[PDB]
Amino acid sequence: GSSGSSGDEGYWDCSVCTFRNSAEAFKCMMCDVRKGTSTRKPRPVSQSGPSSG
Ligand SMILES: [Zn+2]
């Protein structure tokens, strides 16, 4: 189709509307559905205290 990488390639294929979105685009453009999972690992967490005894 087109030849000439302006910045950085990496288009992601949406799942909700199955539309083609560009990497630069934070979220979808067709359905506008958020893609950034932003999931939190089940890893443990404790109160942040003094690193040094
Ligand atoms: Zn979409």
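Per the deposited record, solution NMR is how this structure was determined.

1. Here we look at a nonpolar patch on the surface
Judged by side-chain polarity, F19, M29 and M30 come together as a nonpolar surface patch covering roughly 330 Å² of accessible area. By secondary structure assignment, the location of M30 is in the segment after β2 (20–21). Overall, the relative accessible area of 53% leaves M30 in the exposed class.

2. Quick look at the side chain of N21
Among the structural elements, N21 can be located in strand β2. Only 3.1 Å separates the side chain of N21 from the backbone oxygen of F19, close enough to count as a polar contact. Separated by 2.8 Å, the side chain of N21 and the backbone nitrogen of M29 make a polar contact. The contacts of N21, once residues within four sequence positions are left out, are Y11, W12, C14, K27, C28, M29 and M30.

3. A few points about the coordination of the zinc ion
Protein coordination at the zinc ion comes from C14 (SG), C17 (SG), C28 (SG) and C31 (SG), with a distance range of 2.2 to 2.4 Å. Mapped onto the polypeptide sequence, the residues donating to the zinc ion form the spacing pattern C-x2-C-x10-C-x2-C. A residue pair is termed long-range when its members are at least 10 positions apart, and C14 in the loop between β1 (12–13) and β2 and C28 in the segment after β2 qualify at 14 residues. Each member of the pair, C14 as well as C28, carries the same accessibility label: buried.

Reading the values: the criteria
Sequence order as written determines residue numbers, which begin from 1 on each chain and need not coincide with the entry numbering; residues that lack coordinates are not included. Side-chain calculation: all heavy atoms of the structure are included, whereas hydrogens and water are not. What makes a patch is a set of residues exposed beyond 30% relative accessible area and free of salt bridges, joined within 9 Å when like-charged and within 5 Å when nonpolar (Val, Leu, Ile, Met, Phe, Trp, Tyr). The accessible surface values rely on the Shrake-Rupley method and a 1.4 Å probe; as for residues, cover is taken only from the protein chains in view. Think of a salt bridge as a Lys or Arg side-chain nitrogen and an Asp or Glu carboxyl oxygen that are within 4 Å of each other. For helices the rule is a DSSP run of H or I covering at least 4 residues; for strands it is a run of E covering at least 2, with both sets numbered from the N terminus onward. We call a residue buried when its accessible area falls under 20% of the maximum for its residue type, exposed when it is over 50%, and partly exposed in between, using a 1.4 Å probe and counting protein chains only. We define a polar contact as two N or O atoms separated by no more than 3.5 Å, with the added condition that, inside protein, one atom must be a possible hydrogen donor and the other a possible acceptor, whereas residues neighbouring each other in sequence contribute only through side-chain atom pairs. Throughout, a residue-residue contact means that at least one pair of heavy atoms, one from each residue, lies within 4.5 Å. The donor definition counts N, O and S atoms within 2.8 Å of each metal and applies 3.2 Å to Na, K and Ca; water is not among these atoms, so some sites may look incomplete.

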